[PDB]
């Protein structure tokens, strides 16, 4: 069953539609978070998508027909679409949009200067001691919408409802911390049905505005997860993760959206160098394996492009699906959602969704850990530099299983493509995991 979504960052609508059919659907990913599909400022940088001009569906990702085509094709494949929705602001300065519209002096095709809060700047110090400025002033000069206005609320809700009519199933509410929770409650009252909604709120503690304020309007991004996971995997002991989640002070599991990294923090925005990303290779594989095996939050796998150290640069100048050639894994699109350890982690999460408990936790007091999900699955990670050969207890049926991180079960269930793990008659496994490696097995990848 579906348990994990993916952020196809800067992927165009044609690439996403093909990816849904060829990979995401077959592999069991629940949904795709796409880049803002509305009209935005021209320019090659990735951040131009976060400066709206209007709500017309003509963006760098493609036009309206291509967007609709993507929603239909993904839906037929069993994959939902979550739209990155800008509820806090409009573009800064003046210029021209991707659909031909002009704007300037807080004057847009759909908003007048009177539909915005009076200009003021959000200073870094405001985050810790002035909620009024955090929510009414401008985020790096972006025109701050008067979200308490009935006209503004109606206009954003009409956009959200139009997207739902096309078939969009969820929404990421961008920059939610900058909008009073009460304004979001009023906005939601105008939204049809009950789509999936997750709100971006960066809260590591000590903020004037807390993540907990948004729990009643939808899921909330738990940024402590990304940071603490990265910090533990790099500078701490994996043994500490035995009570990861609410035990560490995170929000309720059922309210959280978690990730190893997102488009902002992999670039140093809202996250330090301890955040683990595709650049870290095997370290990234292991961090993802932990997140996907661990029963906390609703995870989203990151799918990036090699930005070659340029934190402002837009994506590759070549599509992912390029004339029958997949532009993945090298210096263009990274396609982490296709990395064997990550796709295997997703398969494990999908197949252990009937048991959300962490059972039989074992560790060597440091960087070797192992735990199960009852009789649905078991996993182990070795981050020491000597082989993990400990015998661990599981609740799994004895037999042969495919290590799903390195391969998969054949259609006739007679063989695996990767190494085989053996669960003894007493339920134990005699591990044999090399340094910086791991294993995961589940009840639906058992050899016959």
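Rigid core: the largest C-alpha set superposing within 1.5 Å between the two forms. Positions refer to the first chain, counted from 1.
More variable segment, 272 to 280 or 205 to 213 [Cα RMS over structures in 4 other deposited structures of this protein, core-superposed]: It is 272 to 280 whose C-alphas lie farther from the shown form in 4 other deposited structures of this protein.
In 4 other deposited structures of this protein, superposed by the rigid core, which stretch departs further from the shown form in CA positions, 28 to 36 or 409 to 417? If we average over structures and residues in 4 other deposited structures of this protein, the farther stretch is 409 to 417.
When the C-alpha temperature factors are averaged for each of 168 to 176 and 67 to 75, which stretch ends up with the higher value in the entry? So the stretch with the higher mean C-alpha B-factor is 67 to 75.
Stretch with the higher entry mean CA B-factor, where the candidates are 57 to 65 and 408 to 416: Taking the mean B-factor of the alpha carbons in each, 408 to 416 is higher.
Based on what the PDB entry reports, which of 155, 368, 317, 350 has the top C-alpha B-factor? Max CA B-factor in the entry, restricted to 155, 368, 317, 350: 317.
Could you check 230, 281, 97, 344 and tell me which one carries the biggest Cα B-factor in the deposited entry? Highest C-alpha B-factor among the listed options: 97.
Among the modelled residues of this chain, does the Cα B factor of residue 86 put it in the lowest, middle or highest third? For residue 86, the deposited C-alpha B-factor lands in the middle third.
Please place residue 26 in the lowest, middle or highest third of its chain according to the CA B-factor in the PDB entry. For residue 26, whose C-alpha B-factor we compare with every modelled residue in the chain, the answer is the highest third.
Lowest, middle or highest third: which one holds residue 402 when the chain's residues are ordered by CA B-factor from the entry? Middle third - that is where residue 402 ends up once the chain's C-alpha B-factors are sorted.
Which third, lowest, middle or highest, does the CA B-factor of residue 190 fall in along this chain? It belongs to the middle third of the chain when residues are ordered by C-alpha B-factor.
C-alpha B factor of residue 38, ranked within the chain: lowest, middle or highest third? For residue 38, the deposited C-alpha B-factor lands in the middle third.
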